[PDB]
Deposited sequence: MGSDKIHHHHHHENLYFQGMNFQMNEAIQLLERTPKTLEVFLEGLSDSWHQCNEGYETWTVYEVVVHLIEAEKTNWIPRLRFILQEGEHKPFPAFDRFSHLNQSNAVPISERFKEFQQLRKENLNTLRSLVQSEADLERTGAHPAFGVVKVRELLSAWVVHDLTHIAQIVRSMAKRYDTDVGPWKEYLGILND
């Protein structure tokens, strides 16, 4: 006789903290070489695609990643460790012509330097609990900044990949819907 459960797998949709310094560094150290192998020597068509009107191009996403290496993660890590909660992070700020190959070189250099600084500043697991002040979010921990750093990379890789896939929305013909169905 046929039966079911109410909200059968409710309990499964809850998650603890999985951050590990070593494991985070494994990802962070790979993103630049991954983007270079993937995108280098592709036709410019691929570098200029987006997910539609008023969304960033692939090239612009890589520039954005470079900008965060300069102005975002490491500067806020330093600020946490130096200012603690006594001051909120400062606001940020305050040429598409450059070959994408020059961008890859820059991102790889900045990332390499940033991972050396990371290692200098966070020298034990106990340091992951040190707190600073976000202008909107309130008290934030080092582990949360670094996690967001790893997730930020991944989020923009996926952004890049979906932009490229969108180029062929019409081209795939009747495969379009099924191409949205995963795990089958």
- Ranges of the deposited sequence (numbered from 1) for which no C-alpha atom is modelled: 1-3, 98-103
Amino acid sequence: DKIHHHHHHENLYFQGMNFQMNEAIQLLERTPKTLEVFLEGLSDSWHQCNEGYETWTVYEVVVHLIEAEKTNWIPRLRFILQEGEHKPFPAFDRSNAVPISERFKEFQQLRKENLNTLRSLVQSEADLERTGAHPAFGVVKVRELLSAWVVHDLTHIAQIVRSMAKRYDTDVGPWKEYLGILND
From here on, numbers count along this sequence of modelled residues.
- Would you please rank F92 by its C-alpha temperature factor against the other modelled residues of its chain and give the third it falls in: lowest, middle or highest? highest
- Note on the structure: So, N116's CA B-factor, relative to its chain, sits in which third? The middle
- Query: Comparing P32 with the other modelled residues of its chain, is its CA B-factor in the lowest, middle or highest third?
  - Reply: middle
- Message: Can you tell me whether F38 has a C-alpha B-factor in the lowest, middle or highest third compared with the other modelled residues of the same chain?
- Response: highest
- Item | Cα B factor band for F137 (lowest, middle or highest third within the chain) | lowest
